[PDB]
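Asker: here's a sequence, model it:
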Amino acid sequence: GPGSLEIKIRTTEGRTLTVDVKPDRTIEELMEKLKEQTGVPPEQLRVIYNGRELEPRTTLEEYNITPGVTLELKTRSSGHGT
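Answerer: Residues are numbered from 1 along each chain as shown. Structure data below:
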């Protein structure tokens with residue numbers, strides 16, 4: 001296998017990020033990386049692979065998050081609470 005893989009994450013800020021992650025990792029990882037990259041809190045975002053919505057609880061291998069792809073951030077405008 002590749003071990004890890006270099007993907008991209010276009011944000012609600014309109015910028016495209018570029019991080020490397022492993023296919024065995026969860027979307028929680030992707031949300032963690034984009035947080036420390038652009039600064040935006042992932043709890044208010046949705047990761048979008050090639051026009052598909054990705055939940056944090058699910059793995060990368062489940063969505064075929066392969067190297068060279070562009071994930072997008074569509075807003076998740078609903079807070080858990082105060």
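
Asker: for residue 31, see how far away residue 67 is.
Answerer: Look at residue 67 and residue 31: by CB to CB, to the nearest Å, they are 19 Å apart. In this view, the C-beta of every residue, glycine as well, is placed from N, C-alpha and C.

Asker: for those two, indicate the residue with more neighbours.
Answerer: residue 31 (20 against 13; other CB atoms under 10 Å).

Asker: can you tell me the SS state at the more buried one?
Answerer: Under the three-state scheme (DSSP: H, G, I helix; E, B strand; the rest coil), residue 31 adopts helix.

Asker: all strands of the chain, in order?
Answerer: 5-10, 16-21, 45-49, 52-54, 70-75 (DSSP state E).

Asker: and the spatially most central residue of the chain, what does it touch?
Answerer: By CA atoms, centre = their mean, the mean C-alpha position of the chain lies nearest to residue 30, the distance being 3.9 Å. Contacts for residue 30 were tallied using CB atoms under 8 Å, 6 or more residues apart in numbering; they are 7, 9, 19, 21, 47, 54, 60, 65, 71.

Asker: show me what the first one bridges to in the sheet.
Answerer: Looking back up the chat, that one is residue 7. residue 19 (DSSP bridges).

Asker: cool, the fifth one as well?
Answerer: On DSSP bridges, the residues paired with residue 47 through beta bridges are residue 54, residue 73.

Asker: and the gap between it and residue 53?
Answerer: As for residue 47, its distance to residue 53 is 8 Å (criterion: CB to CB).

Asker: and the two? Which one has more around it.
Answerer: Taking other CB under 10 Å, residue 47 and residue 53 do not tie; residue 47 has more neighbours (24 against 12).

Asker: and that one, how far from residue 82?
Answerer: Residue 47 is 25 Å from residue 82, where distance means CB to CB.

Asker: export the strands of the chain to TSV and tack on distance to residue 36?
Answerer: Below are the strands of the chain laid out as TSV (distance: least, CB to CB, whole Å):
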stretch	distance to residue 36
strand 5-10	11
strand 16-21	9
strand 45-49	14
strand 52-54	18
strand 70-75	14
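
Asker: among those, which is nearest residue 38?
Answerer: Residue 38 lies closest, by CB to CB, to one member of the strands of the chain: strand 16-21, at 6.2 Å.
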